[PDB]
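Participant: So here's query_18.cif (mmCIF, N, CA and C atoms and all ligand atoms).
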data_protein
loop_
_atom_site.label_atom_id
_atom_site.label_comp_id
_atom_site.auth_asym_id
_atom_site.auth_seq_id
_atom_site.Cartn_x
_atom_site.Cartn_y
_atom_site.Cartn_z
N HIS A 32 91.64 158.60 27.88
CA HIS A 32 91.37 157.30 27.26
C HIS A 32 92.64 156.71 26.70
N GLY A 33 92.83 155.42 26.91
CA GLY A 33 94.01 154.73 26.42
C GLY A 33 94.08 153.35 27.04
N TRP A 34 94.99 152.54 26.52
CA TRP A 34 95.12 151.17 26.99
C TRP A 34 96.54 150.66 26.74
N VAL A 35 96.87 149.56 27.40
CA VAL A 35 98.18 148.93 27.28
C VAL A 35 98.14 147.94 26.14
N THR A 36 99.03 148.13 25.17
CA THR A 36 99.06 147.30 23.98
C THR A 36 100.12 146.21 24.02
N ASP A 37 101.17 146.36 24.82
CA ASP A 37 102.25 145.39 24.86
C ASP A 37 102.93 145.45 26.23
N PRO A 38 103.01 144.32 26.95
CA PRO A 38 102.28 143.07 26.70
C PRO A 38 100.79 143.39 26.68
N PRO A 39 100.01 142.68 25.88
CA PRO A 39 98.61 143.10 25.70
C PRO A 39 97.79 142.96 26.97
N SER A 40 97.01 144.00 27.25
CA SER A 40 96.02 143.95 28.30
C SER A 40 94.83 143.07 27.89
N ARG A 41 94.01 142.73 28.89
CA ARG A 41 92.79 141.98 28.62
C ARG A 41 91.93 142.70 27.57
N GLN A 42 91.77 144.01 27.70
CA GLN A 42 90.96 144.73 26.72
C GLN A 42 91.61 144.73 25.34
N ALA A 43 92.95 144.81 25.28
CA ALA A 43 93.64 144.73 23.99
C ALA A 43 93.39 143.40 23.30
N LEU A 44 93.39 142.31 24.05
CA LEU A 44 93.18 140.99 23.47
C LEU A 44 91.76 140.86 22.96
N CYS A 45 90.79 141.40 23.68
CA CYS A 45 89.43 141.43 23.19
C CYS A 45 89.36 142.20 21.87
N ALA A 46 89.95 143.40 21.83
CA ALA A 46 89.83 144.27 20.67
C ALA A 46 90.57 143.72 19.46
N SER A 47 91.60 142.92 19.67
CA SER A 47 92.38 142.33 18.59
C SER A 47 91.81 141.00 18.12
N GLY A 48 90.73 140.52 18.72
CA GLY A 48 90.15 139.25 18.35
C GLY A 48 90.98 138.06 18.78
N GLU A 49 91.81 138.23 19.80
CA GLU A 49 92.69 137.17 20.25
C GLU A 49 92.06 136.28 21.31
N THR A 50 90.96 136.69 21.91
CA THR A 50 90.25 135.81 22.84
C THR A 50 89.36 134.85 22.06
N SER A 51 89.09 133.72 22.68
CA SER A 51 88.22 132.70 22.11
C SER A 51 86.77 132.84 22.55
N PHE A 52 86.46 133.88 23.28
CA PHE A 52 85.14 134.18 23.76
C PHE A 52 84.82 135.62 23.41
N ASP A 53 83.53 135.91 23.31
CA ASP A 53 83.07 137.25 23.00
C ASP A 53 83.19 138.11 24.26
N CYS A 54 83.86 139.24 24.13
CA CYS A 54 84.00 140.14 25.26
C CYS A 54 82.90 141.18 25.34
N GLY A 55 82.05 141.28 24.33
CA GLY A 55 81.05 142.32 24.34
C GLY A 55 81.59 143.69 23.98
N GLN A 56 81.04 144.71 24.63
CA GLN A 56 81.27 146.07 24.19
C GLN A 56 82.74 146.47 24.28
N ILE A 57 83.50 145.92 25.23
CA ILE A 57 84.89 146.33 25.38
C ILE A 57 85.69 146.11 24.11
N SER A 58 85.33 145.11 23.31
CA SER A 58 86.09 144.82 22.11
C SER A 58 86.08 145.97 21.14
N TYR A 59 85.08 146.85 21.22
CA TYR A 59 84.95 147.98 20.33
C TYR A 59 85.55 149.26 20.89
N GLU A 60 85.93 149.28 22.16
CA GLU A 60 86.46 150.50 22.78
C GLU A 60 87.40 150.14 23.92
N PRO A 61 88.54 149.52 23.60
CA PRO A 61 89.48 149.12 24.65
C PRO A 61 90.03 150.28 25.45
N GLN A 62 89.97 151.49 24.90
CA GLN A 62 90.51 152.69 25.52
C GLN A 62 89.65 153.21 26.67
N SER A 63 88.48 152.62 26.92
CA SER A 63 87.44 153.28 27.70
C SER A 63 87.25 152.72 29.11
N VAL A 64 88.22 151.99 29.66
CA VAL A 64 88.01 151.37 30.97
C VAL A 64 88.33 152.38 32.06
N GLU A 65 87.38 153.27 32.26
CA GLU A 65 87.47 154.42 33.14
C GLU A 65 86.57 154.18 34.34
N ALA A 66 87.07 154.48 35.53
CA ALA A 66 86.27 154.34 36.74
C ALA A 66 86.89 155.21 37.82
N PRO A 67 86.19 155.43 38.92
CA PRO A 67 86.78 156.27 39.97
C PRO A 67 88.10 155.72 40.46
N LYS A 68 88.96 156.65 40.90
CA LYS A 68 90.23 156.31 41.51
C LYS A 68 90.04 155.39 42.70
N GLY A 69 91.04 154.55 42.94
CA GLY A 69 91.13 153.79 44.17
C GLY A 69 90.86 152.31 44.06
N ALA A 70 90.45 151.80 42.91
CA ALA A 70 90.13 150.39 42.78
C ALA A 70 91.36 149.57 42.42
N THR A 71 91.28 148.27 42.67
CA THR A 71 92.36 147.35 42.30
C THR A 71 91.85 146.19 41.46
N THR A 72 90.76 146.39 40.73
CA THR A 72 90.21 145.39 39.84
C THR A 72 90.49 145.77 38.39
N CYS A 73 90.38 144.77 37.51
CA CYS A 73 90.71 144.94 36.11
C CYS A 73 89.72 145.82 35.37
N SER A 74 88.46 145.89 35.81
CA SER A 74 87.47 146.78 35.23
C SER A 74 87.38 148.11 35.96
N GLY A 75 88.08 148.25 37.09
CA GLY A 75 87.91 149.39 37.96
C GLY A 75 86.56 149.46 38.62
N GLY A 76 85.71 148.45 38.45
CA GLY A 76 84.32 148.53 38.86
C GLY A 76 83.39 149.16 37.84
N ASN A 77 83.87 149.43 36.63
CA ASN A 77 82.99 149.89 35.56
C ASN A 77 82.13 148.73 35.10
N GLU A 78 80.83 148.81 35.38
CA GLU A 78 79.95 147.66 35.20
C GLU A 78 79.82 147.24 33.74
N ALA A 79 80.01 148.17 32.80
CA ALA A 79 79.90 147.82 31.39
C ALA A 79 80.96 146.82 30.97
N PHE A 80 82.06 146.75 31.72
CA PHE A 80 83.23 145.97 31.35
C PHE A 80 83.56 144.91 32.40
N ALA A 81 82.52 144.38 33.07
CA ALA A 81 82.71 143.39 34.12
C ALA A 81 83.40 142.12 33.63
N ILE A 82 83.31 141.81 32.33
CA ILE A 82 83.98 140.62 31.82
C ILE A 82 85.47 140.65 32.12
N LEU A 83 86.07 141.85 32.20
CA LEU A 83 87.50 141.95 32.43
C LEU A 83 87.90 141.42 33.79
N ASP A 84 86.96 141.29 34.73
CA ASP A 84 87.23 140.75 36.05
C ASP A 84 87.01 139.25 36.14
N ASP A 85 86.55 138.60 35.08
CA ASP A 85 86.13 137.20 35.15
C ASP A 85 87.34 136.31 34.89
N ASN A 86 87.93 135.79 35.96
CA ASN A 86 89.11 134.95 35.86
C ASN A 86 88.80 133.52 35.41
N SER A 87 87.53 133.15 35.29
CA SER A 87 87.19 131.83 34.79
C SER A 87 87.36 131.72 33.28
N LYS A 88 87.46 132.84 32.59
CA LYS A 88 87.64 132.81 31.15
C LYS A 88 89.08 132.40 30.83
N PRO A 89 89.31 131.78 29.67
CA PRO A 89 90.68 131.39 29.28
C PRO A 89 91.45 132.56 28.69
N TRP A 90 91.81 133.50 29.56
CA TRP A 90 92.56 134.67 29.13
C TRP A 90 93.94 134.22 28.64
N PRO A 91 94.37 134.66 27.46
CA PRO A 91 95.73 134.34 27.03
C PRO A 91 96.77 135.03 27.89
N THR A 92 97.91 134.39 28.03
CA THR A 92 99.02 134.97 28.77
C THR A 92 100.17 135.26 27.83
N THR A 93 100.99 136.24 28.20
CA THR A 93 102.18 136.60 27.45
C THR A 93 103.41 136.24 28.27
N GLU A 94 104.36 135.58 27.63
CA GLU A 94 105.62 135.24 28.27
C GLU A 94 106.54 136.45 28.21
N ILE A 95 107.07 136.85 29.37
CA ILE A 95 107.94 138.01 29.47
C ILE A 95 109.09 137.68 30.40
N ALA A 96 110.08 138.57 30.41
CA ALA A 96 111.20 138.52 31.33
C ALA A 96 110.89 139.34 32.59
N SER A 97 111.79 139.30 33.57
CA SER A 97 111.57 139.99 34.84
C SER A 97 111.74 141.49 34.72
N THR A 98 112.41 141.96 33.67
CA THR A 98 112.43 143.36 33.27
C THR A 98 111.79 143.42 31.89
N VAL A 99 110.81 144.30 31.74
CA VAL A 99 110.00 144.35 30.53
C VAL A 99 109.61 145.78 30.24
N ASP A 100 109.55 146.12 28.95
CA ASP A 100 109.03 147.40 28.51
C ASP A 100 107.54 147.24 28.24
N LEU A 101 106.75 148.11 28.82
CA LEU A 101 105.30 148.11 28.69
C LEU A 101 104.89 149.38 27.96
N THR A 102 104.05 149.23 26.94
CA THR A 102 103.67 150.33 26.06
C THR A 102 102.18 150.60 26.13
N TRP A 103 101.85 151.88 26.30
CA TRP A 103 100.49 152.40 26.21
C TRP A 103 100.25 153.08 24.87
N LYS A 104 99.01 152.99 24.41
CA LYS A 104 98.47 153.83 23.35
C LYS A 104 97.39 154.69 23.98
N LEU A 105 97.57 156.00 23.92
CA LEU A 105 96.60 156.93 24.48
C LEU A 105 95.87 157.61 23.34
N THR A 106 94.55 157.54 23.35
CA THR A 106 93.77 158.28 22.36
C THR A 106 93.48 159.70 22.82
N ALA A 107 93.49 159.94 24.13
CA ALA A 107 93.26 161.28 24.66
C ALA A 107 94.23 161.39 25.82
N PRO A 108 95.34 162.09 25.64
CA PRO A 108 96.41 162.11 26.66
C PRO A 108 96.16 163.13 27.77
N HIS A 109 95.32 162.75 28.71
CA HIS A 109 94.95 163.63 29.80
C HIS A 109 96.14 163.96 30.68
N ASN A 110 96.11 165.15 31.26
CA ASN A 110 97.08 165.47 32.30
C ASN A 110 97.02 164.41 33.38
N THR A 111 98.19 163.97 33.83
CA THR A 111 98.33 162.76 34.61
C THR A 111 99.07 163.04 35.90
N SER A 112 98.61 162.41 36.98
CA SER A 112 99.35 162.43 38.23
C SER A 112 100.36 161.29 38.20
N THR A 113 99.93 160.06 38.45
CA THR A 113 100.81 158.91 38.46
C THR A 113 100.27 157.78 37.60
N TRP A 114 101.21 156.95 37.18
CA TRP A 114 100.97 155.63 36.63
C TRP A 114 101.40 154.64 37.70
N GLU A 115 100.49 153.81 38.16
CA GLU A 115 100.77 152.85 39.22
C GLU A 115 100.66 151.44 38.65
N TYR A 116 101.65 150.62 38.95
CA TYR A 116 101.69 149.24 38.51
C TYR A 116 101.67 148.32 39.71
N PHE A 117 100.69 147.44 39.74
CA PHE A 117 100.49 146.47 40.80
C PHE A 117 100.79 145.08 40.25
N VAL A 118 101.35 144.22 41.09
CA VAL A 118 101.53 142.82 40.75
C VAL A 118 100.68 142.03 41.73
N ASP A 119 99.70 141.31 41.21
CA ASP A 119 98.77 140.54 42.03
C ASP A 119 98.17 141.39 43.15
N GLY A 120 97.85 142.65 42.85
CA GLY A 120 97.13 143.50 43.77
C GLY A 120 97.98 144.32 44.70
N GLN A 121 99.30 144.18 44.66
CA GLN A 121 100.21 144.92 45.53
C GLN A 121 101.05 145.87 44.71
N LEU A 122 101.18 147.09 45.19
CA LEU A 122 101.86 148.12 44.44
C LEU A 122 103.33 147.75 44.24
N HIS A 123 103.78 147.85 43.00
CA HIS A 123 105.12 147.45 42.61
C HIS A 123 105.98 148.63 42.19
N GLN A 124 105.47 149.50 41.31
CA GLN A 124 106.20 150.67 40.84
C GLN A 124 105.23 151.79 40.54
N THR A 125 105.71 153.02 40.73
CA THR A 125 104.96 154.23 40.44
C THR A 125 105.82 155.12 39.55
N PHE A 126 105.20 155.72 38.55
CA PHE A 126 105.84 156.74 37.72
C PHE A 126 105.06 158.03 37.87
N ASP A 127 105.76 159.11 38.19
CA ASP A 127 105.15 160.41 38.44
C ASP A 127 105.22 161.25 37.17
N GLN A 128 104.07 161.64 36.64
CA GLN A 128 104.01 162.51 35.48
C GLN A 128 103.89 163.97 35.86
N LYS A 129 103.78 164.27 37.15
CA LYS A 129 103.89 165.63 37.66
C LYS A 129 102.76 166.53 37.15
N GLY A 130 101.60 165.96 36.88
CA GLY A 130 100.48 166.73 36.39
C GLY A 130 100.55 167.12 34.94
N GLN A 131 101.53 166.60 34.20
CA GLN A 131 101.76 166.96 32.81
C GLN A 131 101.03 166.02 31.87
N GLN A 132 100.97 166.43 30.63
CA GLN A 132 100.41 165.62 29.56
C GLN A 132 101.44 164.60 29.09
N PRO A 133 101.08 163.33 28.98
CA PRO A 133 102.00 162.33 28.47
C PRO A 133 101.98 162.31 26.96
N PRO A 134 103.00 161.72 26.34
CA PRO A 134 102.91 161.41 24.92
C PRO A 134 101.85 160.35 24.67
N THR A 135 101.33 160.32 23.44
CA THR A 135 100.30 159.34 23.10
C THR A 135 100.86 157.94 22.89
N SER A 136 102.17 157.81 22.70
CA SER A 136 102.84 156.52 22.77
C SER A 136 103.83 156.61 23.91
N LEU A 137 103.64 155.78 24.93
CA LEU A 137 104.39 155.88 26.18
C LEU A 137 104.87 154.50 26.57
N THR A 138 106.16 154.39 26.89
CA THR A 138 106.74 153.13 27.33
C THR A 138 107.34 153.31 28.72
N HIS A 139 107.03 152.38 29.61
CA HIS A 139 107.61 152.29 30.94
C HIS A 139 108.33 150.96 31.08
N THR A 140 109.45 150.97 31.76
CA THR A 140 110.19 149.76 32.04
C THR A 140 109.90 149.30 33.46
N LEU A 141 109.32 148.12 33.59
CA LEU A 141 109.12 147.48 34.88
C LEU A 141 110.29 146.53 35.12
N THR A 142 110.75 146.47 36.37
CA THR A 142 111.86 145.60 36.73
C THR A 142 111.49 144.78 37.95
N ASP A 143 112.26 143.72 38.20
CA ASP A 143 112.10 142.92 39.41
C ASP A 143 110.70 142.33 39.51
N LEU A 144 110.16 141.88 38.38
CA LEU A 144 108.90 141.15 38.42
C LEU A 144 109.14 139.72 38.90
N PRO A 145 108.28 139.20 39.77
CA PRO A 145 108.46 137.84 40.26
C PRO A 145 108.21 136.82 39.17
N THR A 146 108.93 135.71 39.23
CA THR A 146 108.75 134.67 38.23
C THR A 146 107.43 133.94 38.43
N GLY A 147 106.98 133.29 37.36
CA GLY A 147 105.73 132.55 37.38
C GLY A 147 104.59 133.35 36.80
N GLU A 148 103.39 132.86 37.05
CA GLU A 148 102.16 133.45 36.52
C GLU A 148 101.69 134.57 37.43
N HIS A 149 101.46 135.75 36.85
CA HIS A 149 101.01 136.91 37.61
C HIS A 149 100.09 137.75 36.76
N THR A 150 99.34 138.60 37.43
CA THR A 150 98.53 139.61 36.75
C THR A 150 99.04 140.98 37.17
N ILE A 151 99.44 141.78 36.19
CA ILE A 151 99.84 143.16 36.43
C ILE A 151 98.62 144.04 36.22
N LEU A 152 98.32 144.91 37.17
CA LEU A 152 97.32 145.95 36.99
C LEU A 152 98.03 147.28 36.82
N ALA A 153 97.74 147.95 35.72
CA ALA A 153 98.21 149.30 35.47
C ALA A 153 97.04 150.24 35.71
N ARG A 154 97.25 151.21 36.59
CA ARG A 154 96.24 152.20 36.95
C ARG A 154 96.78 153.56 36.55
N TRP A 155 96.11 154.20 35.61
CA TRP A 155 96.49 155.51 35.10
C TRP A 155 95.60 156.55 35.77
N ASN A 156 96.18 157.37 36.64
CA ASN A 156 95.42 158.36 37.40
C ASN A 156 95.43 159.70 36.68
N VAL A 157 94.25 160.23 36.41
CA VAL A 157 94.10 161.50 35.72
C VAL A 157 94.15 162.62 36.76
N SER A 158 94.92 163.68 36.49
CA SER A 158 95.21 164.66 37.53
C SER A 158 94.08 165.64 37.79
N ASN A 159 93.17 165.82 36.84
CA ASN A 159 92.13 166.84 36.93
C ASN A 159 90.71 166.27 36.91
N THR A 160 90.56 164.97 37.06
CA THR A 160 89.26 164.35 37.27
C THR A 160 89.42 163.37 38.41
N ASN A 161 88.31 162.75 38.83
CA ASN A 161 88.39 161.70 39.84
C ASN A 161 88.50 160.31 39.26
N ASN A 162 88.86 160.19 37.99
CA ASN A 162 88.91 158.88 37.35
C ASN A 162 90.32 158.39 37.10
N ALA A 163 90.38 157.08 36.94
CA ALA A 163 91.56 156.37 36.50
C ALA A 163 91.16 155.39 35.41
N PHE A 164 92.15 154.92 34.67
CA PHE A 164 91.98 153.89 33.67
C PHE A 164 92.68 152.62 34.14
N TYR A 165 92.04 151.48 33.90
CA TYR A 165 92.42 150.22 34.52
C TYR A 165 92.74 149.19 33.44
N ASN A 166 93.95 148.62 33.51
CA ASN A 166 94.42 147.66 32.52
C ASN A 166 95.10 146.48 33.22
N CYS A 167 94.55 145.28 33.07
CA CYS A 167 95.20 144.07 33.54
C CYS A 167 95.94 143.37 32.42
N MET A 168 97.12 142.85 32.73
CA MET A 168 97.94 142.08 31.81
C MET A 168 98.28 140.75 32.49
N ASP A 169 97.92 139.66 31.86
CA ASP A 169 98.24 138.32 32.35
C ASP A 169 99.56 137.89 31.74
N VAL A 170 100.54 137.59 32.60
CA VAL A 170 101.89 137.33 32.15
C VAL A 170 102.43 136.09 32.82
N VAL A 171 103.42 135.49 32.17
CA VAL A 171 104.23 134.44 32.76
C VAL A 171 105.67 134.93 32.68
N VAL A 172 106.29 135.11 33.83
CA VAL A 172 107.62 135.69 33.92
C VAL A 172 108.63 134.55 34.09
N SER A 173 109.70 134.59 33.30
CA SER A 173 110.79 133.65 33.51
C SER A 173 112.12 134.34 33.31
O1 LIG B 201 88.45 160.93 28.52
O2 LIG B 201 88.64 160.41 29.90
CU CU B 202 89.95 159.89 28.29
#
As structure tokens - that is how I would like this structure written.
Facilitator:
Amino acid sequence: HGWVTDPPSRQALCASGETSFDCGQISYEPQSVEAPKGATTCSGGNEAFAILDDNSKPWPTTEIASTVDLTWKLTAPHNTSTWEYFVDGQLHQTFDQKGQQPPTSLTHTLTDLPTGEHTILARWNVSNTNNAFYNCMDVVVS
């Protein structure tokens, strides 16, 4: 269990009261967006958190540079295979944790992000279950 706090993920914005709409249950447990491996959606297909896939909502965006430090908060630091970062659904960078336990505060540096409005999907793959955690971040790169 864990989520991306900076730049804030969709679930982080719900939990921080930064959205102008009610997100429902996700606002109380941003760490819990768990679903089977292999998805490329913001909820991972976890039906309890389908609001995270709704692009019609006025999701806030964060202004960032083309190289950015991204920070996770993990409440339960499961042994991890990879952290995968997608930009608009296409794989951009992978970090290999080698099946080890990560720190509960973890920062990764993404580079060469395209300019303009994009959605980054961070997929955290757990090495000893069939689940991943899914975090979308809406950003404007300049
Ligand atoms: O706890 O996954
Ligand atoms: Cu967990």
Participant: Kindly indicate which residue among A:135, A:128, A:166, A:47 lies nearest to residue 35 (chain A), using only C-alpha atoms for the distances.
Facilitator: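 Closest candidate: A:166.
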Participant: Kindly give the distance, in Å, that separates CA of residue 56 (chain A) and atom N of residue 117 (chain A), rounded to a single decimal.
Facilitator: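 Atom-to-atom, CA of residue 56 (chain A) and atom N of residue 117 (chain A) are spaced 24.9 Å apart.
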Participant: What do you get as a list in words if you pick all residues at most 6 Å from ligand CU 202 (chain B), counting only N, CA and C atoms and all ligand atoms?
Facilitator: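 Final answer, ordered by chain and number: residues 32, 33 and 107 of chain A.
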Participant: Using all atoms listed in the file, what does the table of chain A residues within 8 Å of ligand LIG 201 (chain B) look like, with each row giving the shortest atom pair and its distance in Å to one decimal, sorted by chain and ascending number, as JSON lines?
Facilitator:
{"residue": "A:32", "atom": "N", "partner": "B:LIG201", "partner_atom": "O1", "distance": 4.0}
{"residue": "A:33", "atom": "N", "partner": "B:LIG201", "partner_atom": "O2", "distance": 7.2}
{"residue": "A:62", "atom": "C", "partner": "B:LIG201", "partner_atom": "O2", "distance": 8.0}
{"residue": "A:63", "atom": "CA", "partner": "B:LIG201", "partner_atom": "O2", "distance": 7.6}
{"residue": "A:65", "atom": "CA", "partner": "B:LIG201", "partner_atom": "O2", "distance": 6.9}
{"residue": "A:106", "atom": "C", "partner": "B:LIG201", "partner_atom": "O1", "distance": 7.7}
{"residue": "A:107", "atom": "CA", "partner": "B:LIG201", "partner_atom": "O1", "distance": 6.2}
{"residue": "A:108", "atom": "N", "partner": "B:LIG201", "partner_atom": "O1", "distance": 7.6}
{"residue": "A:109", "atom": "CA", "partner": "B:LIG201", "partner_atom": "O2", "distance": 7.1}
{"residue": "A:162", "atom": "CA", "partner": "B:LIG201", "partner_atom": "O2", "distance": 7.6}
{"residue": "A:163", "atom": "C", "partner": "B:LIG201", "partner_atom": "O2", "distance": 7.9}
Participant: Taking the DSSP assignment computed from this structure's backbone, write out as a PyMOL selection string all residues of chain A that belong to strand (DSSP E).
Facilitator: chain A and resi 33-37+65-67+93-95+99-105+111-118+121-127+136-141+147-157+162-172
Participant: Please report the interatomic distance between CA of residue 45 (chain A) and CA of residue 120 (chain A) in Å with one decimal.
Facilitator: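 Taking CA of residue 45 (chain A) and CA of residue 120 (chain A), their separation equals 22.1 Å.
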Participant: Which is closer to residue 111 (chain A) than all the others in A:157, A:172, A:44, A:54, using only C-alpha atoms?
Facilitator: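 So, comparing all the options, the nearest one is A:157.
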Participant: So that I can see what lies close to residue 68 (chain A), please list as a PyMOL selection string the residues with an atom at most 10 Å from it, counting only C-alpha atoms and leaving out residues fewer than 2 positions away in the same chain.
Facilitator: chain A and resi 65-66+70-71+75+154-157+160-165
Participant: Output N, CA and C atoms of each residue in that selection to a file, as a compact mmCIF listing (two decimals), in the frame of the given file.
Facilitator:
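out-v9.txt, freshly written:
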# COMPACT_ATOMS: atom_id res chain seq x y z
N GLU A 65 87.38 153.27 32.26
CA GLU A 65 87.47 154.42 33.14
C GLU A 65 86.57 154.18 34.34
N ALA A 66 87.07 154.48 35.53
CA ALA A 66 86.27 154.34 36.74
C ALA A 66 86.89 155.21 37.82
N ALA A 70 90.45 151.80 42.91
CA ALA A 70 90.13 150.39 42.78
C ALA A 70 91.36 149.57 42.42
N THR A 71 91.28 148.27 42.67
CA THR A 71 92.36 147.35 42.30
C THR A 71 91.85 146.19 41.46
N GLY A 75 88.08 148.25 37.09
CA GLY A 75 87.91 149.39 37.96
C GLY A 75 86.56 149.46 38.62
N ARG A 154 97.25 151.21 36.59
CA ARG A 154 96.24 152.20 36.95
C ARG A 154 96.78 153.56 36.55
N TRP A 155 96.11 154.20 35.61
CA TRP A 155 96.49 155.51 35.10
C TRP A 155 95.60 156.55 35.77
N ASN A 156 96.18 157.37 36.64
CA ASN A 156 95.42 158.36 37.40
C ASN A 156 95.43 159.70 36.68
N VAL A 157 94.25 160.23 36.41
CA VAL A 157 94.10 161.50 35.72
C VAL A 157 94.15 162.62 36.76
N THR A 160 90.56 164.97 37.06
CA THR A 160 89.26 164.35 37.27
C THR A 160 89.42 163.37 38.41
N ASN A 161 88.31 162.75 38.83
CA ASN A 161 88.39 161.70 39.84
C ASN A 161 88.50 160.31 39.26
N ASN A 162 88.86 160.19 37.99
CA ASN A 162 88.91 158.88 37.35
C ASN A 162 90.32 158.39 37.10
N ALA A 163 90.38 157.08 36.94
CA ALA A 163 91.56 156.37 36.50
C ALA A 163 91.16 155.39 35.41
N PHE A 164 92.15 154.92 34.67
CA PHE A 164 91.98 153.89 33.67
C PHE A 164 92.68 152.62 34.14
N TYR A 165 92.04 151.48 33.90
CA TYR A 165 92.42 150.22 34.52
C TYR A 165 92.74 149.19 33.44
Participant: List every residue of region 35-150 of chain A that DSSP, applied to the backbone of this structure, places in helix (DSSP H, G or I), and write the result as a list in words.
Facilitator: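 Matching residues for helix (DSSP H, G or I) in region 35-150 of chain A are residues 41, 42, 43, 44, 45, 46, 55, 56, 57, 58, 59, 61, 62, 63, 78, 79, 80, 81, 82, 83 and 84 of chain A.
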Participant: I'd like the neighbourhood of residue 146 (chain A) as an MDAnalysis selection string, where a residue qualifies if any of its atoms comes within 12 Å (using only C-alpha atoms), though same-chain residues fewer than 4 positions away should be ignored.
Facilitator: chainID A and resid 94:98 118 142 150 170:173
Participant: Could you work out how far atom N of residue 74 (chain A) lies from CA of residue 144 (chain A), giving the answer in Å with one decimal?
Facilitator: 21.1 Å
Participant: Need the shell around region 85-91 of chain A: protein/DNA/RNA residues with any atom at most 6 Å away, counting only N, CA and C atoms. Skip same-chain ones fewer than 3 positions apart. Format as a PyMOL selection string?
Facilitator: chain A and resi 81-82+169
Participant: Here is a test: counting all atoms listed in the file, which residue of A:137, A:99, A:73, A:153 is nearest to residue 115 (chain A)?
Facilitator: A:153
